[PDB]
Amino acid sequence: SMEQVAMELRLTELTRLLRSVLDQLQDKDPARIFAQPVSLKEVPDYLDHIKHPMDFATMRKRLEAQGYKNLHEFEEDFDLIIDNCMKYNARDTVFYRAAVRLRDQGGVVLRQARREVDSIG
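Residues numbered from 1 in each chain as written, not as in the entry; some residues may be left out. Heavy atoms only, no water. Residues with missing side-chain atoms left out of burial classes, pairs and counts.

- As summarised from the PDB record, the model derives from X-ray crystallography at a stated resolution of 1.6400 Å.

Laid out in structure tokens, this is it:
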């Protein structure tokens with residue numbers, strides 16, 4: 001159908017907007033603390049602590065499979081990156097601190113993306 005294609009152009013454009021959002025969020029992590037999944041070789045107990053691991057490469061794979069239906073699903077995954085870190089790591093660690101800074105700085109980007117998603121539909 002013609003509608004399914006119209007829809008697919010929207011999802012494709014959402015994917016386009018979310019790609020740019022993902023790039024902006026990832027720039028707020030210059031130390032690359034959140035770039036890749038926590039290694040289960042190097043933290044073998046990790047899944048005993050954290051039930052839904054997340055990281056920027058894993059989000060990117062989902063994005064490129066147009067696996068995000070709306071901004072809310074994308075935000076959910078960003079929030080997991082931050083929240084998982086703030087649980088596993090103590091307050092006085094470079095890792096916890098990095099998550100706080102990413103949350104704070106990401107807020108601004110996510111604020112405008114919500115307005116852009118509502119505005120452009």
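Looking at the packing of helix α1 (residues 2-27) against helix α4 (residues 71-88)
To characterise two packed helices, one gives the angle between the axes of the helices and the distance between these axes.
Okay, step 1: Close contact between α1 and α4 brings their axes to 12 Å; oriented N to C, the two are set at 20°. The angle between α1 and α4 places the two elements in the roughly parallel class. α1 and α4 meet at a crossing whose hand is right-handed. When α1 is examined against α4, the residues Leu18, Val21, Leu22 and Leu25 are found in contact with a partner set consisting of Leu71, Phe74 and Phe78.
Okay, step 2: Split by residue class, the contact of α1 with α4 holds seven nonpolar, no polar and no charged. (Axes fitted to C-alpha atoms, helices over the stretch in contact; angles between N-to-C directions. Helix = DSSP H or I, 4+ residues; strand = E, 2+ residues; numbered from the N terminus. Parallel < 35°, antiparallel > 145°, perpendicular 65-115°, else oblique. Left-handed = near helix turned anticlockwise from the far one by under 90°. Contact = heavy atoms within 4.5 Å. Nonpolar A, V, L, I, M, F, W, Y, C, P; charged D, E, K, R; others polar.)

Some remarks on the packing of α1 against helix α5 (residues 94-120)
Okay, step 1: Where α1 meets α5, the axes come as close as 10 Å, and the angle between the chain directions of the two elements is 160°. With respect to α5, the axis of α1 lies roughly antiparallel. Where α1 crosses over α5, the two elements pack in a sense that is right-handed. On α5, the residues that touch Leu14, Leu17, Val21, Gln24 and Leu25 of α1 are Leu102, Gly106, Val109, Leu110, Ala113, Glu116 and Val117.
Okay, step 2: Grouping the constituent residues of the contact of α1 with α5 by class yields nine nonpolar, two polar and one charged.

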